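Worksheet: one structure, shown below.
Just the heavy atoms: all of them, side chains too, but no hydrogens, waters or symmetry mates, feed the values below. Convention: sequence-line order gives letters A, B, ...; per-chain numbering from 1.
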Amino acid sequence: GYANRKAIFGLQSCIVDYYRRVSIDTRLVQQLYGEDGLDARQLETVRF
Amino acid sequence: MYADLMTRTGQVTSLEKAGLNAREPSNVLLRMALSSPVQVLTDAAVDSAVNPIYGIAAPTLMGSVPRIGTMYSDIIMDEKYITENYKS
Amino acid sequence: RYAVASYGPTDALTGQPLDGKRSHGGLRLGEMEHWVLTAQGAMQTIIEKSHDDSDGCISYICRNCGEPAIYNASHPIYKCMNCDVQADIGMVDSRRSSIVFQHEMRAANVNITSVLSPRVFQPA
Amino acid sequence: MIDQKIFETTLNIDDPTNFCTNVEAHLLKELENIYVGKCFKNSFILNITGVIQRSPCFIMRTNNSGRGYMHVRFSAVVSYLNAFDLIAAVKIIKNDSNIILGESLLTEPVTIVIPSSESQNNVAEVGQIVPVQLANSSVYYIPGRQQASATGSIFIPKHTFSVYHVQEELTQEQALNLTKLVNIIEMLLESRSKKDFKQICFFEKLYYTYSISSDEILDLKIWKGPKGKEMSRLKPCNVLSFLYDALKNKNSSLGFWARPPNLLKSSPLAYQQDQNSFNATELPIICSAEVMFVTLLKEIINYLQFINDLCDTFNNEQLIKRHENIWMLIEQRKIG
Amino acid sequence: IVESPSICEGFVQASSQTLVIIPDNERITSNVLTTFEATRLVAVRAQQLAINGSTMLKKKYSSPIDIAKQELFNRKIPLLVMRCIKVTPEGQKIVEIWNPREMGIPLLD
Amino acid sequence: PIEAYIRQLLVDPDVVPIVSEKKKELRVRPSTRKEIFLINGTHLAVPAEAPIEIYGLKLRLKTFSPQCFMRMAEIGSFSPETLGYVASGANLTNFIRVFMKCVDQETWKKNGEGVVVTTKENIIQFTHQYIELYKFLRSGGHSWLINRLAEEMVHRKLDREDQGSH
Amino acid sequence: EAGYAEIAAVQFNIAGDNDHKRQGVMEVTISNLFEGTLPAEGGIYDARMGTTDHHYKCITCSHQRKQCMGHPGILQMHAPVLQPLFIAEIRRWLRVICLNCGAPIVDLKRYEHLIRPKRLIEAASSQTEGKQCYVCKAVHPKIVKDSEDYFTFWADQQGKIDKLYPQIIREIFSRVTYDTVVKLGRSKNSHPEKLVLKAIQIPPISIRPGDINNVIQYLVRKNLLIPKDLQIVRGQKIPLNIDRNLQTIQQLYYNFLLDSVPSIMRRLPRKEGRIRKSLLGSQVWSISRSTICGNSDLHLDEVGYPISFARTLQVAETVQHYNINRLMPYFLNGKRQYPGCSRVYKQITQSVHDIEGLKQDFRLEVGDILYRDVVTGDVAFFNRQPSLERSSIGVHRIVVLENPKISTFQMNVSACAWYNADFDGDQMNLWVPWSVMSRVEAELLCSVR
Amino acid sequence: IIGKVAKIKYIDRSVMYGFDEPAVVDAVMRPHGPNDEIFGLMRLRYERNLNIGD
Ligand SMILES: [Mg+2]
Ligand SMILES: [Zn+2]
Ligand SMILES: [Zn+2]
Ligand SMILES: [Zn+2]
C-alpha cells in the first residue's frame with residue numbers, strides 16, 4: 001500500500017494524447033505508448 | 001512507463017516527494033495530495049505558484065472531474081444536421 | 001450486510017453521507033476505487049457517485065478576479081465582493097468538501113484565485 | 001449617453017437539440033430575455049443589436065445533465081451616464097427627512113438619491129416632475145439591476161466657467177473623430193426645430209445664468225434662441241462652422257477658449273481669443289484642441305438634450321403652473 | 001528600476017480564444033471512434049433523448065440507451081466529436097472536428 | 001485650500017514618486033507607504049506616516065502595449081478613466097502628455113522618463129494640471145471618446161480576424 | 001444568468017490586509033454568540049457569514065443551509081500580528097534588509113545568477129550581523145529567534161537586546177521597495193508588508209458548524225482587551241500586562257492556524273484528513289454491501305442480488321413517449337408488489353413525491369422521473385477492497401434472488417479471478433447506476449467482458 | 001422503542017429501532033445510575049438460525 005500510493009501519485013498524470021504519445025499536460029513522457037501504440041488487452045503471442 | 005517517467009528530465013528521478021517536485025513543480029494540488037499539504041501550500045504561496053488544472057488529483061481537489069477517458073474529447077451539437085433533419 | 005438509500009444523514013462540514021451502518025449513512029468509495037474507475041475511463045460514474053450521490057454542488061466564480069461570487073436566481077443576487085461593478089460570474093460544478101477545503105486555505109492567509117477556462121469563439 | 005458596446009457571455013442551453021434548429025433566432029431571443037433592461041459590465045443594456053460571433057454548442061462536461069453551453073460575443077445598444085449630466089424629467093417618489101428619491105422618466109433608467117442638506121431640495125414635493133443635474137460622482141451600475149444609481153440635485157445654473165488654453169493643433173484624424181459629435185449636434189438641432197418655439201424660449205430664459213433683458217432672438221440659420229448679455233466687444237464664433245472648416249485645414253485652433261455665462265449653453269457659440277481676456281476665477285487649463293473641442297461639444301449635446309427633453313416632458317401650461325414653485329426657485333438664484 | 005505593479009499585469013481573466021478548425025484534408029487523428037468517444041456519444045445522446053425524445057430513427061425502442069446505440073450504429077446521431085489539438089500562446093485553439101456518422105464504430109450489437 | 005491637502009492627494013497613485021532633500025520646505029506625511037527618491041538618486045520607501053520634504057515632484061509617464069488596451073476592452077467592464085489612462089499609456093491617445101509637459105528643465109534625471117518639477121510656482125501648476133487631467137478623464141467628454149475608441153478597435157479586430165480572414 | 005464554466009488554473013498567494021478587507025462581508029465587533037434563538041449580529045456566528053441551521057437563511061446569498069457555501073468575515077486587530085504560516089519567511093526578510101531605512105544590505109547583483117525561488121533563501125543564509133548600511137549608516141543587528149515560542153523575534157546589537165514587536169516588523173517591512181522584492185526573487189504579490197496582519201479573516205460558518213469557535217471567541221475576547229490606540233516603537237518599554245496580552249493574542253492566532261502541525265491546518269495532512277478522506281475519497285449513497293457467496297448457476301457476467309436490496313436501490317427512469325407503457329407496471333405496483341417503484345419526480349411542480357402519497361394519478365406525465373426497483377438484467381458495479389487492479393470494479397448483469405432468506409451477493413466461482421476474492425468471509429460492495437449517462441458507461445466500458 | 005421528550009412546547013428526543021431484521025423486546029428495566037438518575041435499559045433478542053452467508 002505504501003509503494004502503490006507513491007507509484008500512482010508519480011505516474012497518474014501520464015495520459016495518452018491524440019498522437020498516441022504519453023505526456024504530462026504538454027510534456028512528453030513517451031513518443032508512442034509502449035513504443036508500439038497498442039492496448040495490453042489486445043496482444044497475441046506469435047512465433048516468428 | 002516507469003522508466004520513461006523516472007528518466008524524463010535527463011536525470012533519474014524517484015517516485016518520492018522529491019521526484020514529484022522535479023517533474024511537476026507547479027502542480028501544487030497533486031503535490032499537496034501526496035504527503036505534506038502544509039509545507040507544499042506554504043511554499044506555493046510565497047512563490048506565487050500558478051497551478052494549471054490537469055491530470056487526476058488537481059481536478060479532484062478542486063471538485064471537478066479529470067479530463068480523461070470519456071471526458072477527453074468534448075461533444076458539440078451538429079448544428080447543420082439538426083436544421084435539415086429536425087423540427088422545433 | 002448493508003444497503004442504504006438515495007438519501008440520509010449528512011455530515012455538517014463536508015456535506016457527505018455519514019459513516020457506515022451504525023450512523024445510517026453511506027459506504028465509502030475510497031481513494032483506490034477512484035484509481036480503478038479512472039483507469040477504466042468511467043468518468044460519468046465518478047460524477048454520479050462522487051458528485052450526485054455524495055456532495056456535488058455548484059460554485060460561482062467571478063471571471064474578472066477569480067474569487068467566489070454570490071448568485072441567486074430567485075431573489076436576484078448577482079454580485080462579487082472584490083470588483084462589485086465588473087462582475088462576470090460563471091457556475092462551476094464543484095463539491096462541498098472542495099469548497100470547504102479552499103475556505104480553510106484562505107483561513108491560513110493563502111489566497112486562492114481560480115482562472116476560469118476562457119471563452120472560445122468561432123472565427124466566423 | 002446612448003452608444004454601442006460589445007459584450008462576451010456564456011449561455012446555458014437546456015435543450016440542445018431544439019436549440020440548434022434555429023440558432024440565430026433562439027440566441028437573440030435568449031440574449032434579449034437575459035440582458036435587455038439590466039445593468040451589466042458598467043453599462044445599462046437597452047437593446048441587443050446582434051451577435052458578432054459565437055461558439056459551437058458544447059455539451060457540459062462536469063455533470064451528467066446532457067445540457068449545452070455557448071459562448072456569445074454580441075453587440076448591444078447601451079446607455080452610460082456621466083457627471084454633471086442633465087436629466088430633464090425625474091419624478092419625486094419619496095421626500096422625507098433623510099433623503100429624497102427620484103426616478104427618471106427618460107430613455108436612461110436611473111434612480112437618483114438627493115440629499116436634504118441643500119436648500120435647492122426639500123421643495124420638490126412628492127409627485128412633482130423636476131429637472132435635476134447629476135453630481136460629480138460616478139453613476140453606479142450594480143449588475144442585475146433595472147436602473148442606475150446616481151446622486152444629483154435640482155439643476156441651478158452655475159455662475160462659474162473655465163478657460164481652455166490650446167497650444168496644440170487639431171489633427172485631421174481628430175477632426176474626423178469629432179465630426180460624429182458634430183452630426184449628433186446637427187440631429188439634436190434639427191429635432192429641436194420641430195418642437196414648440198415658445199417652450200424653447202421660455203425654458204432658455206428660465207435657465208439662463210443672467211436675466212434676459214427683453215424678447216430678442218438670435219438666428220444663426222442652424223440654432224435659434226433668445227439673446228442674452230454680451231461681453232464688452234468680444235464676438236462669439238460658431239463651433240460647428242469652425243470644425244467643418246478645420247476639416248479643410250483652414251483655421252488655427254490655438255489660444256484661449258471659453259464659454260462664459262453670457263452665451264446660451266445650448267448654442268454652438270464659443271469665445272476664442274489670442275489673449276486671456278476672460279475674467280476667469282481659476283488658472284486656465286493647458287490642453288490640446290481635441291480636449292477643449294470634446295468638452296465644449298459634449299456640453300452642447302448635454303444642454304441641447306436638456307432643453308429639448310424639457311420641452312418634450314412639459315407640453316402644457318398646466319404642468320408649468322403646477323411646477324411654478326420650482327420655476328420660482330430657479331428664477332430667484334441668478335446674479336444681477 | 002522595477003516599480004510598483006501596474007494594471008497592465010494582474011489580470012486574472014484569461015483572454016478569449018479563436019476556434020481554429022483544421023481543414024478536413026489535413027486531419028491527423030484517427031477516422032475511427034475510440035471506445036471512450038463512442039461511449040460518450042451514446043451517453044450524451046441518450047440523456048438528450050431523455051430530455052427531448054425527438055429522433056429520426058425508424059425503429060421503435062423502449063429505452064433512450066437503445067435508441068442512442070441504434071442511432072450511432074445507423075449513422076444518424078446529431079453530434080460531432082471535437083478533438084482539441086493545441087492551445088497556441090497567441091490565442092488560437094486548434095481543434096479537429098470529426099463527424100461520427102462517417103467514422104468507424106468500435107462497439108457491437 | 002492649503003497646498004498640503006492637494007500635494008497629499010496627488011501622492012496616492014503609484015505614479016509620481018517624489019524627491020526629498022533634508023531642509024525646511026513642503027512638509028508632507030503621505031496617507032500610505034510611498035516609494036520616494038532622494039537627491040543624488042537613491043530609491044527608498046517610507047511608511048504610511050512619515051514626514052518627508054518635497055524637493056520636487058516627478059511623474060513617470062507610464063508606457064504599455066496596445067495589447068493591454070485590447071484585453072481591457074475584451075473584458076469590457078472597466079471604468080472610462082482606467083480605459084483612458086491605459087490608452088494614453090499605450091499611446092493610443094495622448095491626453096496625459098498634452099495636459100502635462102510643464103517640465104521646468106532637466107533639473108532631475110533618472111531611468112524613467114517623465115515630468116520633473118522642482119520649484120514653488122510650478123509645483124502649483126503641476127498639481128493644477130493633474131487635477132484638470134483627471135477631471136477630464138472622469139468627465140462626460142473622453143467617456144464618449146474612450147468608449148467609441150474601444151468599441152471600434154475591438155470591432156475592427158473582430159472583422160479583420162473574421163471578414164478579412166477565414 | 002451564470003454561464004457554465006470550468007477552472008483552468010489556480011493561483012496561490014499570501015493574503016494581506018487588503019484581501020481580507022475586500023473579501024469579508026462583515027466586521028466582527030462583539031464577543032456575544034447568540035441573540036436569543038438567532039445568531040448575534042456582529043458576533044462570530046453572524047448570518048452574513050452563512051447559515052448552518054435550518055432556522056434561518058444566509059443574509060449574504062439568501063440561500064438555505066445546503067446551497068450556502070459560507071462567506072468570510074473581518075476582525076480588526078488592535079495590535080498587528082504576524083502570519084503564522086510564513087514566520088520563517090519573515091525571518092528571511094529581517095536578515096536581508098536594513099532595519100532603519102529599508103534598503104538591502106546584501107549585494108542583490110551578487111545573487112542575480114540564481115533562480116528566483118532561491119535568491120532570498122541563499123542571500124539570507126549568509127552572515128549579515130554587524131554589516132554596515134550604504135545609505136543610512138546603521139549597523140545591522142542579528143535577528144535571534146526566541147526559543148520559547150514559534151513567533152517572537154529579537155534584535156541583538158552587540159549584546160543590546162530588543163523585542164521586535166509585530167508593529168515594528170510591519171514598519172520595517174513597509175519601508176522595502178518593490179525593486180528590492182523583485183531583485184531578491186520574490187514576486188510583486190509577495191511583498192513582505194503582507195506578512196504582518198492587522199485585519200484577520202474570520203472563516204465562514206460553513207467550515208466551523210455548530211472547538212475552533214472556542215479559539216475564535218477567545219481570540220476576539222482577548223483582542224478587545226488590548227487598547228485600541230496602542231502604539232509601539234523600537235526600544236520602547238512596554239507594561240507587563242500589555243506585553244502578555246500581545247503574547248496571548250499572537251499565541252491564540254498561532255494555535256488557531258497551526259496548533260500541533262483544534263487548528264485549521266491539522267484538518268489537511270493525514271489519511272483521515274481533508275485531502276485524503278473528503279476529496280480523494282467519498283461517502284456515497286445508493287450503495288450496498290454483503291458477504292459474497294458461490295453460485296454455479298450464474299454466468300460469469302452475472303451477480304446474484306437479494307430482493308430486499310433490490311427494493312432499496314433504485315433506477316431513475318425519465319418518463320417519455322417510448323417508455324410510458326413499459327414503466328406503467330412499475331408505477332402501479334408501488335411499494336406493495338415487486339417489481340415496483342418508490343418515488344416520482346414531477347417536472348410540473350419541480351418536486352419529489354412518495355408513491356404511497358399519490359394514488360389518484362391514472363398514468364405518468366411525460367418528463368417525470370420514476371425511481372423503480374432493480375430488476376433482473378440491470379447492470380451493477382461490483383467491487384472488492386482493496387481495489388488493486390483495473391478489474392477490481394466490474395459491471396455485472398443483476399439476477400434478483402426472490403428467496404427472502406438470502407442476504408449474500410452470489411457470483412460464479414470463475415468470476416472470483418477479477419476481484420482476487422473467495423468465499424471465506426469476503427464482503428463486496430455493489431451499487432446500481434441510476435442515471436442514464438452512468439448506465440450507458442457501465443454497459444459499454446465497464447462490463448466484465 | 002423508547003419514548004423521550006425534553007421540555008422546552010416539547011421536543012421529541014425519541015429512540016427509533018433502526019435495524020433491518022425485526023427483534024423482540026426481551027427485558028425492560030429502569031435502573032439507577034452512578035448519579036442516582038434514571039436511565040432506560042432494554043434487551044432485544046433475535047432468533048438466529050444458520051442461514052446462507054454464515
Ligand atoms: Mg477471505
Ligand atoms: Zn469579481
Ligand atoms: Zn450564504
Ligand atoms: Zn540602512
Side-chain angles (χ1 to χ4, degrees), chain B residues 1-2 4-5 15-17 20-21 24-84, chain C residues 14-16 29-52 54-61 66 68 90-118 120-122 124:
Chain B
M1 277 299 307
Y2 270 73
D4 283 324
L5 178 82
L15 289 177
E16 299 292 329
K17 170 59 69 174
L20 203 57
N21 271 304
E24 320 192 18
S26 52
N27 204 347
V28 180
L29 289 165
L30 182 62
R31 210 173 68 183
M32 266 173 88
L34 175 57
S35 74
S36 64
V38 180
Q39 172 252 313
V40 175
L41 178 66
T42 295
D43 286 18
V46 306
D47 302 348
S48 288
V50 185
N51 187 353
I53 300 297
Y54 70 90
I56 296 90
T60 297
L61 262 65
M62 283 287 119
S64 177
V65 287
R67 193 181 305 269
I68 288 169
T70 53
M71 299 297 109
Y72 194 69
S73 301
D74 52 40
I75 314 301
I76 65 171
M77 298 298 307
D78 203 341
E79 196 270 334
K80 169 154 62 62
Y81 188 73
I82 290 172
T83 60
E84 210 283 331
Chain C
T14 55
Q16 291 181 13
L29 277 190
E31 207 168 351
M32 309 187 51
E33 283 79 354
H34 286 79
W35 296 342
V36 175
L37 282 178
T38 310
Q40 299 176 356
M43 294 331 277
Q44 291 151 349
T45 310
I46 291 180
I47 294 165
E48 196 210 24
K49 295 315 286 180
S50 282
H51 290 71
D52 297 343
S54 190
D55 52 345
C57 64
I58 291 286
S59 192
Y60 298 99
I61 296 166
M91 70 163 196
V92 300
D93 272 299
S94 177
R95 59 186 295 176
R96 177 147 205 140
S97 300
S98 173
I99 292 174
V100 165
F101 166 60
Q102 302 168 27
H103 277 329
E104 289 163 1
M105 290 191 288
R106 293 193 198 98
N109 318 126
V110 174
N111 212 10
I112 309 298
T113 72
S114 308
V115 181
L116 293 193
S117 192
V120 184
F121 300 99
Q122 287 170 352

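Defined by atom type and a distance below 3.5 Å, a donor-acceptor pair is present between the side-chain atoms of C:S50 and C:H34.
Taken to the nearest 0.5 Å, the CE atom of C:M43 stands 9.0 Å off from the OG1 atom of C:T45. We find the CD-OG distance between C:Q16 and C:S97 to be 3.5 Å, quoted to the nearest 0.5 Å.
C:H51 touches chain B through its side chain: at least one heavy atom from C-beta onward sits under 4.5 Å away, while N, CA, C and O do not. Interface residue C:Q102: only side-chain heavy atoms are found under 4.5 Å from chain B. Contacts of B:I56 with chain C are made by side-chain atoms alone, with heavy-atom separations under 4.5 Å and no backbone atom involved.
The main-chain N or O of C:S94 is never found under 3.5 Å from a side-chain atom of C:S59 such that the two would form a donor-acceptor pair. Remark: side-chain polar atoms of C:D55 are not paired, donor with acceptor, to backbone N or O of C:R95 under 3.5 angstrom.
Residues B:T70 and C:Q44 approach most closely at OG1-N, 4.2 Å, considering heavy atoms.
Residues of residues 24-45 of chain B that come within less than 4.5 angstrom of chain C, heavy atom to heavy atom, are B:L29, B:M32, B:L41, B:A45 in numerical order.
Screening residues 27-72 of chain B for ring pair (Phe, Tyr, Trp, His ring centres under 6.0 Å), with sequence neighbours left out, gives A:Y18-B:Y72.
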